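Written below as structure tokens is the structure these notes are about.
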Amino acid sequence: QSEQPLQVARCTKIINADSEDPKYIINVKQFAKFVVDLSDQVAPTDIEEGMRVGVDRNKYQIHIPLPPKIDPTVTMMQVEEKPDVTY
Amino acid sequence: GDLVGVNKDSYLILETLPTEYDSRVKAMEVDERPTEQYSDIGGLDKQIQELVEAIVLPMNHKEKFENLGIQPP
């Protein structure tokens, strides 16, 4: 219930930045493409292009950059264990 | 066919956006700038001459073509 003041945080994809200011441009995934601004708890550097970032649902603002899309049918071929075979 | 910034509620044109470019196309840009000078390739000097005289000089001396006046390849 202290996680109830947390946020839904919809994730997106960034096309490019603009000059003299952040003024970031985002394709969400299906909805539309919006021009946004960053929130205050971000770093103005690691918001580069082609970067899956979590964006506010109400005010449309970028919060956290994340690892990209990994195509989860490719996630299941890392071994995650060690089969016991000795030299 | 231009990108413009439009208000959500008013539906009124506000700004003018640069281009419609894919993120993969932006990813195709070369920014590492590798280092391999022409002395690293041995035994292919004539092909290096042909390549440089074909490409690097249209990038550098265009008037030298049009004084002779033909076409760049």
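Descriptive notes on the structure:
- Total residues in the stretch B:24-73, condition exposed (fewer than 10 other Cβ atoms within 10 Å of the Cβ) and in a loop (DSSP other than H, G, I, E, B): 16
- The sole residue among B:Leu12, B:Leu44 that is of a type in the set (A, V, I, L, M), over 26 Å from A:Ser19 (Cα atoms) and without any contact (Cβ under 8 Å) to a residue 24 or more places away in the chain is B:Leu44.
- Taking (1) in a strand (DSSP E or B); (2) touching a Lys or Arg at 6+ places or on another chain (Cβ under 8 Å); (3) not polar (S, T, N, Q) in turn, A:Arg57 satisfies each apart from (1).
- The number of residues in the stretch A:7-25 that are surrounded by 15 or more Cβ atoms within 10 Å (Cβ to Cβ), under 12 Å from the mean Cα position of the chain (by Cα) and either on the phi > 0 side of the Ramachandran plot or at the interface with chain B (Cβ under 8 Å from one of its Cβ atoms) (or both) comes to 2.
- Residue in the stretch A:63-86 that is part of a loop (DSSP other than H, G, I, E, B) and within 20 Å of B:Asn7 (Cβ to Cβ) present: no
- Filtered residue count, the stretch B:1-39, keeping only those that are within 14 Å of another protein chain (Cβ to nearest Cβ) and at positive phi: 1
- One residue stands out in the stretch A:26-46 among those that are of a type in the set (A, V, I, L, M, F, W, C) and over 14 Å from B:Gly5 (Cβ atoms): the one that is nearest to the other protein chains (Cβ to nearest Cβ), namely A:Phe31.
So that you can scan it fast, the table gives a plain yes or no per residue for (1) under 9 Å from the mean Cα position of the chain (by Cα); (2) more than 14 Å from every other protein chain (Cβ to nearest Cβ); (3) over 21 Å from A:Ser19 (Cα atoms):
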{"residue": "A:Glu48", "(1), (2), (3)": "no, no, no"}
{"residue": "A:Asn58", "(1), (2), (3)": "no, no, yes"}
{"residue": "A:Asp71", "(1), (2), (3)": "no, yes, yes"}
{"residue": "A:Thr75", "(1), (2), (3)": "no, yes, yes"}
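- Complete set of residues in the stretch A:55-74 that are within 27 Å of A:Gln7 (Cα to Cα), surrounded by fewer than 10 Cβ atoms within 10 Å (Cβ to Cβ) and either in contact with a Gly (Cβ under 7 Å, 6 or more places away or on another chain) or among the β-branched types (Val, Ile, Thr) (or both): A:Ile70
Where a number appears in this text, it was derived from the coordinates with a stated rule and is not lab data. Every residue, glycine among them, receives a Cβ derived from its backbone with ideal geometry; neighbour counts consider all protein chains shown.
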